[PDB]
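Shown next as structure tokens: one chain only, the form deposited in one PDB entry.
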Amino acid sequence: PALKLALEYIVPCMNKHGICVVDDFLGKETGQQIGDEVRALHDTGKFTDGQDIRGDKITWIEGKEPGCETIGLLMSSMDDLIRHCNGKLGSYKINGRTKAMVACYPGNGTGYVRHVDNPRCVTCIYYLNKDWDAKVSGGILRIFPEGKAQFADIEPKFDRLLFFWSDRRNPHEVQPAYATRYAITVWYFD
């Protein structure tokens, strides 16, 4: 229930850590339906080059396109969490969000050099990779939260939702992927 997830977990977590992970966000059935939609997009060659900086291929999805209705459901689900966060007494307001950025790292040692997404703004990432073994497949998101002496390594696990502040508080990189690695990102801003 968004009301509870936002107010009891996401807000305090974002306040304390600036990074929040929610596993099993939508469940396996819905998650694999999104997986199947992303693969269909990928199989038709609709992804364009995300660019020495990044090896990903991407497409932007509004959520109402034929074949994209479950991706639209994911977006509505993220929207509701953000709405409950920004509706808290004393909170700043979000005025917009991007379309869904569907991204594929097509193995072959592709990754993303360390960067800052927006050098407020929140990055929301939903991962789609079932039984991902990072030891063999790579693709770890390494994040450097401000204030911590350690970095955090986040596996791009199926049905995992990740929030983090998009600004210089959270530089991050995608370590090289050696298997096809899928994710969907939405940025919430202003």
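A residue's number is simply how far along the shown sequence it sits, counting from 1. Note that the rigid core is defined as the largest set of C-alphas that superpose within 1.5 Å between two forms.
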Checking chain continuity here. Are there deposited residues lacking coordinates between residue 44 and residue 45, and if so is it 1 to 3, 4 to 9, or 10 or more (or none)?
none
Could you bin the unmodelled part of the deposited chain lying between residue 119 and residue 120 as none, 1 to 3, 4 to 9, or 10 or more?
4 to 9
Out of 146-154 and 33-41, which one has CA B-factors that are higher on average in the deposited record?
146-154
Given 180-188 and 2-10, the range whose Cα B-factors average higher in the PDB entry
2-10
If I read the C-alpha B-factors straight from the PDB entry, which of 165, 60, 132, 127 is highest?
132
According to the Cα B-factor stored in this entry, which of the following is highest: 98, 110, 86, 77?
110
Test of reading the entry: by CA B factor among the chain's modelled residues, which third contains residue 64?
highest
For residue 160, does the deposited CA B-factor place it in the lowest, middle or highest third of the chain?
lowest
Relative to the other modelled residues of the same chain, rank the CA B-factor of residue 139 and answer lowest, middle or highest third.
lowest
Which third, lowest, middle or highest, does the CA B-factor of residue 17 fall in along this chain?
highest
Should residue 94 be placed in the lowest, middle or highest third of its chain by the C-alpha B factor in the entry?
highest
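What follows is about the form deposited in another entry, which we do not show.
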Quick one: core overlaid, is residue 91 moving 2 Å or more at the Cα between the shown form and the other one?
yes
Check residue 6 against residue 91 at the C-alpha atoms and report closer or farther in that other deposited form, compared with the shown form; the change is 3 Å or more.
farther
